[PDB]
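Student: Shown below is the structure under consideration.
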Amino acid sequence: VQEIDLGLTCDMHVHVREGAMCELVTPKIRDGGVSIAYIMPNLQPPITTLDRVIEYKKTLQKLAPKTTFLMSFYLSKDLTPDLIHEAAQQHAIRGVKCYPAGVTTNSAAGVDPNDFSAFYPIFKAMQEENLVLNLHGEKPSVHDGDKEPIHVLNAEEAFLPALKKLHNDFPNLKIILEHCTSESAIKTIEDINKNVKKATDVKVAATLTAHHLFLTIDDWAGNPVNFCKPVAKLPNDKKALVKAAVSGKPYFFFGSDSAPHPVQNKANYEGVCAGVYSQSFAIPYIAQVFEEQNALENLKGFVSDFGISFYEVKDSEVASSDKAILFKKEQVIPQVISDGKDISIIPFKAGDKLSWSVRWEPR
Amino acid sequence: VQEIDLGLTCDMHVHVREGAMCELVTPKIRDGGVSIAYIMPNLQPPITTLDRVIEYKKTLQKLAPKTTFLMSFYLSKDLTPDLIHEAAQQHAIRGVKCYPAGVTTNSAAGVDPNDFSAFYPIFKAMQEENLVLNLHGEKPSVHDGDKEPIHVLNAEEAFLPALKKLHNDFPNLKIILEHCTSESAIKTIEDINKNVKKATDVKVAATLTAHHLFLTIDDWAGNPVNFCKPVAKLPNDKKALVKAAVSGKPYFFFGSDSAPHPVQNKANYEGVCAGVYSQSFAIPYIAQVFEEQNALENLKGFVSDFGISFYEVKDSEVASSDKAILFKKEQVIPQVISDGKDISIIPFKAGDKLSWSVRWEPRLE
Ligand SMILES: [Zn+2]
Ligand SMILES: [Zn+2]
Ligand SMILES: [Zn+2]
Ligand SMILES: [Zn+2]
C-alpha cells in the first residue's frame, strides 16, 4: 500500500513501429507508467521528411491522446540544414537520432561514425535550433587492418572518442549517448560532466534502459529474447550502469529502448532481430532496481526530473497533467503481449514477479 | 588438380546422436573426409554402461562400415572404477568425457568441476588403463557469492586451474582440453608442453574445432546457428587458435565437435541448443584455414598424425585403410542438410565457397 508519486514520467528512447504493432504498443506507454515519450525514427523507410514526422506524431496521438510525444529525424544524407530549421521552427522534432550503418535494426541507411564531418551542416543547424543529437554509440565491427579489432563487446568503448570530438566541436549542442552499456562509457559521461553544478548545465547526457540494469552476456547467450544492441556486457559493466542509474546525477536518465518485435522475428536460426520489449512494465522494472539498491528516493529524478530538464519539456506541451503513481502491489509479468490478432511479443522478464504496479492520479 | 594425401584422417570429437539423426549424420563422417571418429557420449540417457556403449558402436558400424569408431563413457555419478577396468579390458572405450553440469547439451547429469575429488577413484582407474580423460573445460556460471563472477566469456579461463590440478594429481593420465576457445587456454596448453620433444611425450593435448577457427562473438550474437559451447570469443582469441592449429605442434589436433541439431531447435527465442554442425565438410573447412594461413604442409599433422599418435591408434583397429585425398576443386556449401523426412540441419558456413574437396583412395600396397 506504499505509494511513490513520480509526477510526469519520461521515457526518452521509445520504438513504437508502424501498422498493427504501433496500435498494440503505443497505448502501453501510458500503461507502463510513462507520460512523455521520445520516439525513435528508424522506420522502414527512416523518418527523414517533414510531412512523414508530422503524420507519424498525429498517428501516435490518435492512439494515445494522454501521452506526450517528442519526435525525431533519422540522421541521413537526405537531411539539409534548411529542413532542420523548418522542422524545428514548426516544433515537428525535438532531435535527430544517429545510427551507425549496420549495427542494429533498420540501420542500413545509417552513417559512418568515421566521417561524422559530413553531417556538420546538420549539427550546426541543430545547435542553432536547440535540438538534441541522439547517438547510438557503437563503432561498426572490424577484425582486420592496422587497428585493434572492434567487436560487439568493445564497439561502444571504441565510439567514445567520436563522442568527445563531437562535444568538442559543438560545445553548445545537447548530445545524448543513448543506452549506455559499458563501465567505460559511464566514466566518460561523468568526466565530461566534471564541472557541472546544476542540472541545467548538462550538455552531454546518457540514457539507461531497464534491461541493461538486469542483463549480462549470460542472459542472452542462447536466449535471443534478451539480445539487443548494444549487447549486454559483463557483470562489472552491469554494476556500473546500476550505480549510475541510482546516482542522482542529472546526466543519467531513463530511456527504455523498448524495441518490439513479433515473436517469430526473435525465434530465427539466423538474423535474429535485436531488441527487448519493456514498454508494458517500464517504470515497474526500474522501481525493482531502485528498491534493490535502497535508492527509491532517487527514482523520481531518474525517470522524471532529469529527462524533463534536459529536453526542456514545458507544461504547455504536455498532453495530460496526470501523475504516475507507483504502488507496492505485486504483479506477474505475462508470457506474451498480444493484440489478439497476428502479433505476439515476448515481454522482458516474462513470468517474473514485480513488487510495484503503476496507476495515474489527476492534477 | 592440386592434391594432398591426408591418409587416415581423424576427428577426435564427434556427435552422431541416435535414431533418425544418427542415420543421417553417421555416413557424413566419411563424406566430410574423416576415417577415424571419437564418439561423444552425451546421449539421453548418457552412455554409462558396458552394454550400451557396445550396442551403440554396433549401430554406428552398420551405418558406416568403413569408419573407425573410438568410443567413450560419460563421466557420471553412476560410473565405478570396476566398470572402467571392465570396459577398458574389453576395448569397449578409449576414454571418458566430462561435462560440467548445465554448461551444454545433455550435460544435466554432469559434474561440478569445483569438487572433482569424488571422481578421483575413476581417474585412478583410467590412469591404470591408459584411457583418455576428455574435459569440456568450462566452469558453470556463478554471479552470486563474493568470489569472481563466471560467465560464458571467462568460464574456460576459470577452468584452467582445475586442468592443472588434475594433470598434477594424475601425471600419467592422458588428458585433453577439448575444443579450446581462448588465448588463455592456448598459453596454458603450450606451457604444460614446454619440455615436449616428440609427439609421444605429449600427455595433455587440446583439440580445436573447425568453427572456432572462423567464428568470433560477432558471428553468433544474432545468429543462433553459430551458437555453441564454449562460445566463440574475441578476435585475439581466434588469432591464438588459428596460430595454434597451424603450429605443427603435436599437442593440438582436430576435433570438430560437430553437433547436429534440427533447425527447429535453433529457431527459438529462448533455450537455443548449443552446437555447430560441421561433419559434412569437416576436412574442407580445415583446409580453408591452412590454405589462407599458407601452412598446408602442416595440415596432415593437424588432421591425422597427432590424433592418431595421442590416441595410439593401430592399423589393426582400423575399419578401412582408404586414404583421404584433398583436391583443389572449389565447391559451395548447401543451405540445408536434410534426410528428406523430418530432419533439416543448417551446416556451418552454409552457402559459402570452399577451395578444396575431399575424396577417398584405396591402399593398393
Ligand atoms: Zn540503439
Ligand atoms: Zn533504440
Ligand atoms: Zn563441448
Ligand atoms: Zn562435443
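Going by the C-alpha cells order, chains are called A, B, ..., each with residues numbered from 1, while ligands are numbered from 1 in the order shown.
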Just want the residues within 10 Å of ligand 4, written as an mmCIF file with C-alpha atoms, in the first residue's frame, counting only C-alpha atoms and all ligand atoms.
Tutor:
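Writing done, so here's selection.cif:
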data_model
loop_
_atom_site.group_PDB
_atom_site.id
_atom_site.type_symbol
_atom_site.label_atom_id
_atom_site.label_comp_id
_atom_site.auth_asym_id
_atom_site.auth_seq_id
_atom_site.Cartn_x
_atom_site.Cartn_y
_atom_site.Cartn_z
ATOM 1 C CA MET B 12 38.584 -36.753 -32.233
ATOM 2 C CA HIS B 13 35.302 -35.103 -31.122
ATOM 3 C CA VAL B 14 32.117 -36.244 -32.921
ATOM 4 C CA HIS B 15 28.407 -36.187 -32.039
ATOM 5 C CA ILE B 39 32.235 -40.593 -30.472
ATOM 6 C CA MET B 40 30.947 -38.450 -27.629
ATOM 7 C CA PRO B 41 28.588 -39.947 -25.021
ATOM 8 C CA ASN B 42 26.078 -37.223 -24.075
ATOM 9 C CA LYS B 97 34.268 -37.428 -21.381
ATOM 10 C CA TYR B 99 30.649 -32.406 -18.972
ATOM 11 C CA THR B 104 25.922 -27.537 -22.639
ATOM 12 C CA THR B 105 23.765 -30.110 -24.439
ATOM 13 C CA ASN B 134 38.307 -35.621 -22.164
ATOM 14 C CA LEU B 135 37.383 -32.341 -20.489
ATOM 15 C CA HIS B 136 34.771 -29.830 -21.547
ATOM 16 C CA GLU B 178 38.542 -30.299 -25.740
ATOM 17 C CA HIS B 179 37.616 -27.508 -28.190
ATOM 18 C CA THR B 209 37.227 -27.289 -33.909
ATOM 19 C CA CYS B 228 27.865 -23.369 -29.423
ATOM 20 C CA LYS B 229 29.713 -24.067 -26.182
ATOM 21 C CA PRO B 230 32.282 -22.861 -25.400
ATOM 22 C CA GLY B 255 38.237 -32.370 -33.010
ATOM 23 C CA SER B 256 35.230 -30.951 -34.819
ATOM 24 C CA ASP B 257 32.683 -31.057 -32.014
ATOM 25 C CA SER B 258 30.228 -31.355 -34.880
ATOM 26 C CA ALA B 259 26.896 -31.156 -33.039
ATOM 27 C CA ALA B 274 24.320 -25.146 -28.448
ATOM 28 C CA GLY B 275 26.248 -26.658 -31.337
ATOM 29 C CA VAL B 276 27.606 -26.182 -34.850
#
Student: What are the nearest atom pairs, with distances in Å to one decimal, for all residues of chain B that come at most 9 Å from chain A, using only C-alpha atoms, set out by chain and rising residue number as JSON lines?
Tutor:
{"residue": "B:141", "atom": "CA", "partner": "A:218", "partner_atom": "CA", "distance": 8.0}
{"residue": "B:143", "atom": "CA", "partner": "A:235", "partner_atom": "CA", "distance": 7.9}
{"residue": "B:149", "atom": "CA", "partner": "A:235", "partner_atom": "CA", "distance": 7.2}
{"residue": "B:151", "atom": "CA", "partner": "A:218", "partner_atom": "CA", "distance": 5.8}
{"residue": "B:152", "atom": "CA", "partner": "A:218", "partner_atom": "CA", "distance": 6.1}
{"residue": "B:153", "atom": "CA", "partner": "A:217", "partner_atom": "CA", "distance": 8.1}
{"residue": "B:216", "atom": "CA", "partner": "A:151", "partner_atom": "CA", "distance": 8.5}
{"residue": "B:217", "atom": "CA", "partner": "A:152", "partner_atom": "CA", "distance": 7.3}
{"residue": "B:218", "atom": "CA", "partner": "A:152", "partner_atom": "CA", "distance": 6.0}
{"residue": "B:220", "atom": "CA", "partner": "A:270", "partner_atom": "CA", "distance": 8.6}
{"residue": "B:221", "atom": "CA", "partner": "A:227", "partner_atom": "CA", "distance": 7.5}
{"residue": "B:222", "atom": "CA", "partner": "A:272", "partner_atom": "CA", "distance": 5.0}
{"residue": "B:223", "atom": "CA", "partner": "A:270", "partner_atom": "CA", "distance": 4.2}
{"residue": "B:224", "atom": "CA", "partner": "A:269", "partner_atom": "CA", "distance": 5.1}
{"residue": "B:225", "atom": "CA", "partner": "A:269", "partner_atom": "CA", "distance": 5.5}
{"residue": "B:226", "atom": "CA", "partner": "A:270", "partner_atom": "CA", "distance": 8.4}
{"residue": "B:227", "atom": "CA", "partner": "A:222", "partner_atom": "CA", "distance": 7.1}
{"residue": "B:228", "atom": "CA", "partner": "A:222", "partner_atom": "CA", "distance": 8.6}
{"residue": "B:231", "atom": "CA", "partner": "A:221", "partner_atom": "CA", "distance": 8.4}
{"residue": "B:234", "atom": "CA", "partner": "A:151", "partner_atom": "CA", "distance": 7.4}
{"residue": "B:235", "atom": "CA", "partner": "A:143", "partner_atom": "CA", "distance": 6.6}
{"residue": "B:236", "atom": "CA", "partner": "A:149", "partner_atom": "CA", "distance": 8.2}
{"residue": "B:263", "atom": "CA", "partner": "A:269", "partner_atom": "CA", "distance": 7.1}
{"residue": "B:264", "atom": "CA", "partner": "A:269", "partner_atom": "CA", "distance": 8.0}
{"residue": "B:265", "atom": "CA", "partner": "A:269", "partner_atom": "CA", "distance": 8.5}
{"residue": "B:266", "atom": "CA", "partner": "A:269", "partner_atom": "CA", "distance": 5.1}
{"residue": "B:267", "atom": "CA", "partner": "A:269", "partner_atom": "CA", "distance": 4.2}
{"residue": "B:268", "atom": "CA", "partner": "A:267", "partner_atom": "CA", "distance": 4.2}
{"residue": "B:269", "atom": "CA", "partner": "A:267", "partner_atom": "CA", "distance": 4.4}
{"residue": "B:270", "atom": "CA", "partner": "A:223", "partner_atom": "CA", "distance": 4.1}
{"residue": "B:271", "atom": "CA", "partner": "A:222", "partner_atom": "CA", "distance": 5.6}
{"residue": "B:272", "atom": "CA", "partner": "A:222", "partner_atom": "CA", "distance": 4.9}
{"residue": "B:273", "atom": "CA", "partner": "A:222", "partner_atom": "CA", "distance": 7.1}
{"residue": "B:274", "atom": "CA", "partner": "A:222", "partner_atom": "CA", "distance": 7.3}
{"residue": "B:346", "atom": "CA", "partner": "A:269", "partner_atom": "CA", "distance": 8.7}
Student: Write down as a ChimeraX atom specification the residues belonging to stretch 45-232 of chain B that are assigned helix (DSSP H, G or I) by DSSP computed on the backbone.
Tutor: /B:50-63,81-89,117-129,155-169,183-192,199-201,211-213,217-220,224-226
Student: Any residue with an atom at most 10 Å from ligand 1 counts, using only C-alpha atoms and all ligand atoms. Which are they? Put them as a PyMOL selection string.
Tutor: chain A and resi 13+15+40+42+97-100+103-105+107+134-138+177-180+228-231+257-259+274-275
Student: Take the selection from the previous step and output its residues with N, CA, C and O atoms, as a compact mmCIF listing (two decimals), in the first residue's frame.
Tutor:
# COMPACT_ATOMS: atom_id res chain seq x y z
N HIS A 13 13.51 7.13 -24.92
CA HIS A 13 14.03 6.31 -26.02
C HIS A 13 13.01 5.19 -26.31
O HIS A 13 13.11 4.10 -25.76
N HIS A 15 10.61 2.91 -29.19
CA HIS A 15 10.22 2.46 -30.52
C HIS A 15 8.77 1.99 -30.49
O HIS A 15 8.43 1.12 -29.69
N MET A 40 11.71 7.20 -31.52
CA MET A 40 12.83 6.98 -32.42
C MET A 40 12.35 6.84 -33.87
O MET A 40 11.19 6.49 -34.12
N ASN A 42 13.64 5.06 -36.68
CA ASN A 42 14.19 4.02 -37.56
C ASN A 42 13.07 3.13 -38.10
O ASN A 42 13.05 1.91 -37.92
N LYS A 97 18.34 11.46 -34.44
CA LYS A 97 18.98 10.23 -33.97
C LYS A 97 19.95 9.65 -35.00
O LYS A 97 19.60 9.43 -36.16
N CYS A 98 21.15 9.35 -34.54
CA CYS A 98 22.19 8.83 -35.42
C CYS A 98 22.39 7.33 -35.22
O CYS A 98 22.71 6.90 -34.11
N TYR A 99 22.20 6.55 -36.28
CA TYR A 99 22.51 5.12 -36.28
C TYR A 99 23.75 4.86 -37.10
O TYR A 99 23.78 5.22 -38.29
N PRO A 100 24.79 4.24 -36.56
CA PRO A 100 25.90 3.79 -37.41
C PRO A 100 25.44 2.65 -38.31
O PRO A 100 24.69 1.77 -37.89
N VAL A 103 24.72 -1.59 -37.54
CA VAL A 103 24.87 -2.05 -36.16
C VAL A 103 23.56 -2.52 -35.52
O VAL A 103 23.60 -3.34 -34.59
N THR A 104 22.40 -2.09 -36.02
CA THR A 104 21.15 -2.52 -35.38
C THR A 104 19.99 -2.41 -36.36
O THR A 104 20.18 -2.23 -37.57
N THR A 105 18.77 -2.56 -35.82
CA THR A 105 17.54 -2.59 -36.61
C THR A 105 17.39 -1.36 -37.49
O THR A 105 17.42 -0.22 -37.01
N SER A 107 19.28 0.06 -39.59
CA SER A 107 20.45 0.92 -39.61
C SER A 107 21.21 0.86 -40.93
O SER A 107 22.27 1.47 -41.05
N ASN A 134 20.98 12.57 -30.71
CA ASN A 134 20.98 11.25 -30.08
C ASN A 134 21.93 10.32 -30.81
O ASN A 134 21.82 10.13 -32.03
N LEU A 135 22.84 9.70 -30.07
CA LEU A 135 23.85 8.83 -30.66
C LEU A 135 23.62 7.39 -30.24
O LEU A 135 23.54 7.09 -29.04
N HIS A 136 23.55 6.49 -31.22
CA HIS A 136 23.78 5.07 -30.96
C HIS A 136 25.29 4.90 -31.03
O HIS A 136 25.87 4.78 -32.11
N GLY A 137 25.92 4.91 -29.87
CA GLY A 137 27.36 5.00 -29.82
C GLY A 137 28.06 3.66 -29.91
O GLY A 137 28.62 3.19 -28.93
N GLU A 138 28.05 3.07 -31.10
CA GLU A 138 28.83 1.87 -31.38
C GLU A 138 29.57 2.05 -32.70
O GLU A 138 28.96 2.43 -33.71
N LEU A 177 24.44 10.13 -25.32
CA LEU A 177 24.91 8.79 -25.61
C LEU A 177 23.78 7.87 -25.17
O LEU A 177 23.54 7.70 -23.97
N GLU A 178 23.02 7.37 -26.13
CA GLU A 178 21.85 6.57 -25.80
C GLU A 178 22.27 5.21 -25.28
O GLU A 178 23.34 4.70 -25.62
N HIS A 179 21.40 4.62 -24.46
CA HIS A 179 21.51 3.26 -23.90
C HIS A 179 22.95 2.84 -23.64
O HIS A 179 23.47 1.94 -24.31
N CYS A 180 23.58 3.48 -22.65
CA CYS A 180 24.95 3.12 -22.27
C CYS A 180 24.97 1.72 -21.69
O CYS A 180 24.10 1.35 -20.90
N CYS A 228 19.92 -7.62 -27.68
CA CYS A 228 19.63 -6.28 -28.16
C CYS A 228 20.96 -5.62 -28.50
O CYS A 228 22.01 -6.18 -28.23
N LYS A 229 20.89 -4.43 -29.09
CA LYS A 229 22.08 -3.63 -29.29
C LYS A 229 21.97 -2.33 -28.51
O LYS A 229 20.87 -1.77 -28.39
N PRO A 230 23.05 -1.86 -27.88
CA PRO A 230 24.31 -2.58 -27.72
C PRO A 230 24.06 -3.77 -26.81
O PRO A 230 23.15 -3.75 -26.00
N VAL A 231 24.85 -4.82 -26.99
CA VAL A 231 24.62 -6.06 -26.29
C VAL A 231 24.91 -5.88 -24.78
O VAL A 231 25.73 -5.06 -24.39
N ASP A 257 14.64 2.14 -24.64
CA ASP A 257 14.94 1.48 -25.91
C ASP A 257 14.04 0.25 -26.06
O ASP A 257 14.45 -0.79 -26.57
N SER A 258 12.81 0.37 -25.57
CA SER A 258 11.85 -0.71 -25.77
C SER A 258 11.66 -0.90 -27.26
O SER A 258 11.31 0.04 -27.98
N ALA A 259 11.92 -2.12 -27.74
CA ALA A 259 12.07 -2.40 -29.16
C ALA A 259 11.21 -3.60 -29.50
O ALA A 259 11.68 -4.74 -29.48
N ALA A 274 17.41 -7.66 -33.17
CA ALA A 274 17.84 -7.17 -31.87
C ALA A 274 16.75 -6.29 -31.26
O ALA A 274 16.15 -5.46 -31.95
N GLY A 275 16.49 -6.48 -29.98
CA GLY A 275 15.59 -5.60 -29.27
C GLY A 275 14.85 -6.30 -28.15
O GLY A 275 14.47 -7.47 -28.29
Student: Given only C-alpha atoms and all ligand atoms as the basis, pick out the residue of A:88, A:118, A:299, A:39 nearest to ligand 2.
Tutor: A:39
Student: Stretch 78-220 of chain B: which residues are strand (DSSP E or B) by DSSP, as a JSON list (two decimals) with N, CA, C and O atoms, in the first residue's frame?
Tutor:
[["chain", "number", "residue", "atom", "x", "y", "z"],
["B", 95, "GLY", "N", 38.12, -43.70, -23.81],
["B", 95, "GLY", "CA", 38.22, -42.60, -22.86],
["B", 95, "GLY", "C", 36.89, -42.31, -22.19],
["B", 95, "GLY", "O", 35.88, -42.99, -22.41],
["B", 96, "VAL", "N", 36.91, -41.28, -21.35],
["B", 96, "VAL", "CA", 35.74, -40.84, -20.59],
["B", 96, "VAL", "C", 35.66, -39.33, -20.73],
["B", 96, "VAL", "O", 36.65, -38.64, -20.50],
["B", 97, "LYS", "N", 34.48, -38.84, -21.10],
["B", 97, "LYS", "CA", 34.27, -37.43, -21.38],
["B", 97, "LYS", "C", 33.51, -36.79, -20.22],
["B", 97, "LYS", "O", 32.48, -37.31, -19.77],
["B", 98, "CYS", "N", 34.04, -35.68, -19.74],
["B", 98, "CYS", "CA", 33.45, -34.97, -18.62],
["B", 98, "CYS", "C", 32.74, -33.70, -19.09],
["B", 98, "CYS", "O", 33.34, -32.86, -19.77],
["B", 100, "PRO", "N", 30.78, -30.45, -17.47],
["B", 100, "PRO", "CA", 30.32, -29.70, -16.29],
["B", 100, "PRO", "C", 28.81, -29.52, -16.35],
["B", 100, "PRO", "O", 28.25, -29.13, -17.39],
["B", 111, "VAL", "N", 29.16, -32.98, -14.00],
["B", 111, "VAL", "CA", 29.90, -32.84, -12.75],
["B", 111, "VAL", "C", 29.96, -31.38, -12.31],
["B", 111, "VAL", "O", 29.66, -30.45, -13.06],
["B", 132, "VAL", "N", 41.86, -42.05, -22.00],
["B", 132, "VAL", "CA", 41.98, -40.60, -22.15],
["B", 132, "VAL", "C", 40.86, -39.94, -21.36],
["B", 132, "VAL", "O", 39.72, -40.38, -21.40],
["B", 133, "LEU", "N", 41.19, -38.88, -20.61],
["B", 133, "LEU", "CA", 40.17, -38.10, -19.92],
["B", 133, "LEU", "C", 39.91, -36.85, -20.76],
["B", 133, "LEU", "O", 40.80, -36.01, -20.91],
["B", 134, "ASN", "N", 38.70, -36.75, -21.33],
["B", 134, "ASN", "CA", 38.31, -35.62, -22.16],
["B", 134, "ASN", "C", 37.55, -34.62, -21.31],
["B", 134, "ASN", "O", 36.56, -34.98, -20.68],
["B", 135, "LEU", "N", 37.98, -33.37, -21.32],
["B", 135, "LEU", "CA", 37.38, -32.34, -20.49],
["B", 135, "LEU", "C", 36.70, -31.30, -21.37],
["B", 135, "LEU", "O", 37.34, -30.72, -22.25],
["B", 142, "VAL", "N", 28.53, -18.43, -12.35],
["B", 142, "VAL", "CA", 28.17, -18.03, -10.99],
["B", 142, "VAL", "C", 28.20, -16.51, -10.92],
["B", 142, "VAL", "O", 29.18, -15.89, -11.33],
["B", 150, "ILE", "N", 31.61, -15.76, -12.87],
["B", 150, "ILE", "CA", 31.93, -16.62, -14.01],
["B", 150, "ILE", "C", 30.77, -16.53, -14.99],
["B", 150, "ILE", "O", 29.61, -16.66, -14.59],
["B", 174, "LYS", "N", 46.49, -39.41, -19.78],
["B", 174, "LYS", "CA", 46.28, -38.59, -20.96],
["B", 174, "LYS", "C", 45.02, -37.75, -20.76],
["B", 174, "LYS", "O", 43.94, -38.28, -20.46],
["B", 175, "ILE", "N", 45.16, -36.43, -20.90],
["B", 175, "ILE", "CA", 44.05, -35.50, -20.68],
["B", 175, "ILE", "C", 43.96, -34.58, -21.89],
["B", 175, "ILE", "O", 44.98, -34.08, -22.38],
["B", 176, "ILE", "N", 42.75, -34.35, -22.38],
["B", 176, "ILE", "CA", 42.54, -33.42, -23.47],
["B", 176, "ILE", "C", 41.63, -32.30, -23.01],
["B", 176, "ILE", "O", 40.53, -32.55, -22.51],
["B", 177, "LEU", "N", 42.09, -31.07, -23.18],
["B", 177, "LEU", "CA", 41.22, -29.91, -23.07],
["B", 177, "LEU", "C", 40.51, -29.78, -24.42],
["B", 177, "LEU", "O", 41.08, -29.28, -25.38],
["B", 204, "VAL", "N", 49.11, -33.96, -22.15],
["B", 204, "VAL", "CA", 47.98, -33.05, -22.12],
["B", 204, "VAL", "C", 47.89, -32.40, -23.48],
["B", 204, "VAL", "O", 48.83, -31.70, -23.90],
["B", 205, "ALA", "N", 46.80, -32.65, -24.19],
["B", 205, "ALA", "CA", 46.59, -32.08, -25.51],
["B", 205, "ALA", "C", 45.32, -31.24, -25.48],
["B", 205, "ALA", "O", 44.61, -31.18, -24.48],
["B", 206, "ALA", "N", 45.07, -30.57, -26.59],
["B", 206, "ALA", "CA", 43.87, -29.77, -26.78],
["B", 206, "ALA", "C", 43.37, -30.02, -28.19],
["B", 206, "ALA", "O", 44.17, -30.14, -29.12],
["B", 207, "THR", "N", 42.06, -30.14, -28.35],
["B", 207, "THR", "CA", 41.51, -30.22, -29.69],
["B", 207, "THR", "C", 41.00, -28.84, -30.11],
["B", 207, "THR", "O", 40.65, -28.01, -29.27],
["B", 208, "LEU", "N", 41.03, -28.59, -31.41],
["B", 208, "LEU", "CA", 40.49, -27.37, -31.98],
["B", 208, "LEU", "C", 39.44, -27.73, -33.02],
["B", 208, "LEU", "O", 39.64, -28.66, -33.81]]
Student: Please identify all polymer residues within 7 Å of residue A:212, counting only C-alpha atoms, omitting same-chain residues fewer than 3 positions from it, and present them as a list in words.
Tutor: residues 181, 209, 215, 232 and 238 of chain A
Student: Compile the contact shell of stretch 30-33 of chain A as a PDB file with N, CA and C atoms, in the first residue's frame: residues with an atom at most 7 Å away, counting only C-alpha atoms, same-chain residues fewer than 4 positions apart removed.
Tutor:
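As written to disk, result_15.pdb reads:
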ATOM      1  N   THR A  67      -0.697  10.802 -23.961  1.00  0.00           N
ATOM      2  CA  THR A  67       0.759  10.668 -23.939  1.00  0.00           C
ATOM      3  C   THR A  67       1.404  11.835 -24.676  1.00  0.00           C
ATOM      4  N   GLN A 279       8.085  -1.879 -22.730  1.00  0.00           N
ATOM      5  CA  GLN A 279       7.171  -0.744 -22.554  1.00  0.00           C
ATOM      6  C   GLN A 279       6.063  -1.050 -21.553  1.00  0.00           C
ATOM      7  N   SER A 280       5.538  -2.289 -21.580  1.00  0.00           N
ATOM      8  CA  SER A 280       4.332  -2.638 -20.823  1.00  0.00           C
ATOM      9  C   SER A 280       4.521  -2.488 -19.323  1.00  0.00           C
ATOM     10  N   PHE A 281       5.766  -2.601 -18.830  1.00  0.00           N
ATOM     11  CA  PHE A 281       6.041  -2.500 -17.395  1.00  0.00           C
ATOM     12  C   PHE A 281       7.241  -1.612 -17.107  1.00  0.00           C
ATOM     13  N   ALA A 282       7.436  -0.582 -17.942  1.00  0.00           N
ATOM     14  CA  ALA A 282       8.660   0.222 -17.941  1.00  0.00           C
ATOM     15  C   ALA A 282       9.022   0.713 -16.547  1.00  0.00           C
ATOM     16  N   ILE A 283       8.145   1.487 -15.928  1.00  0.00           N
ATOM     17  CA  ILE A 283       8.502   2.095 -14.649  1.00  0.00           C
ATOM     18  C   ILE A 283       8.581   1.026 -13.560  1.00  0.00           C
ATOM     19  N   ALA A 324       2.075   9.932 -12.572  1.00  0.00           N
ATOM     20  CA  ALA A 324       2.290   8.499 -12.441  1.00  0.00           C
ATOM     21  C   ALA A 324       2.549   8.150 -10.982  1.00  0.00           C
ATOM     22  N   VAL A 358       1.736   0.433 -11.352  1.00  0.00           N
ATOM     23  CA  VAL A 358       1.632   1.865 -11.589  1.00  0.00           C
ATOM     24  C   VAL A 358       0.197   2.221 -11.974  1.00  0.00           C
TER      25      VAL A 358
END
Student: Could you work out how far atom CA of residue B:212 lies from atom CA of residue B:352, giving the answer in Å with one decimal?
Tutor: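 That distance, rounded to one decimal, is 16.3 Å.
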Student: Between atom CA of residue B:293 and atom CA of residue B:157, measure the distance and give it in Å to one decimal.
Tutor: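 Result for atom CA of residue B:293 versus atom CA of residue B:157: 26.2 Å, one decimal.
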